[PDB]
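Heads up, the chain below is alone and in the form deposited in one PDB entry; it's given as structure tokens.
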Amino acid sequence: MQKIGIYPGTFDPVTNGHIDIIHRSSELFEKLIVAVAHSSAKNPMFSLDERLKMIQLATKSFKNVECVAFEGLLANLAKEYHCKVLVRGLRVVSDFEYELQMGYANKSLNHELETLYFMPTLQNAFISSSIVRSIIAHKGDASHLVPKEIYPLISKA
């Protein structure tokens, strides 16, 4: 169970909230895979290449964290890594019942596959990607909400 975890996400963009979750989850698992979704259904603000580079840059200081691009079925991705744990983040604005529904769907597709929920720190408890995209989209200062080493990337495009 504790050998490997997968943290799936659009990471559009990576926020301080996401970094808290990568931090706490990487401490518990011998290896954390951060799986960067295509999300085409959602038309993301940042391209996969941008979103992979932001999260790879934001996570250089974690040695057991690997970033992969992924466009498939999470249940299948976990099986190919022999992964028994999906990492998810919970925040004030979470659709909690939707999160539970997703945990039971993923476990129906892969009977080994459990879901574990982490919280960001209190200062980040009201951060959501959607806020950050709104503040970016409206040419506001998002620099307090995202790791400083990726702000140069987001602020542009």
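All residue numbers are counted from 1 along the displayed sequence.
Beyond the structure shown, there is the form solved in complex with a small molecule, which is absent from this document and is the topic of what follows.
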| query | Just one of 64, 61, 94, 47 has a heavy atom within 4.5 angstroms of the small molecule in the entry with it bound, so which one? | reply | 94
| request: Indicate whether the small molecule has at least one heavy atom within 4.5 Å of a heavy atom of residue 10 in the entry with it bound. | output: yes
| task | Would you check, heavy atoms only and a 4.5 Å threshold, whether residue 21 touches the small molecule in the entry with it bound? | result | yes
| message | I'd like to know if residue 129 sits close to the small molecule in the entry with it bound, meaning any non-hydrogen atom pair within 4.5 angstroms. | response | yes
| Does the small molecule get within 4.5 angstroms of any non-hydrogen atom of residue 42 in the entry with it bound? | yes
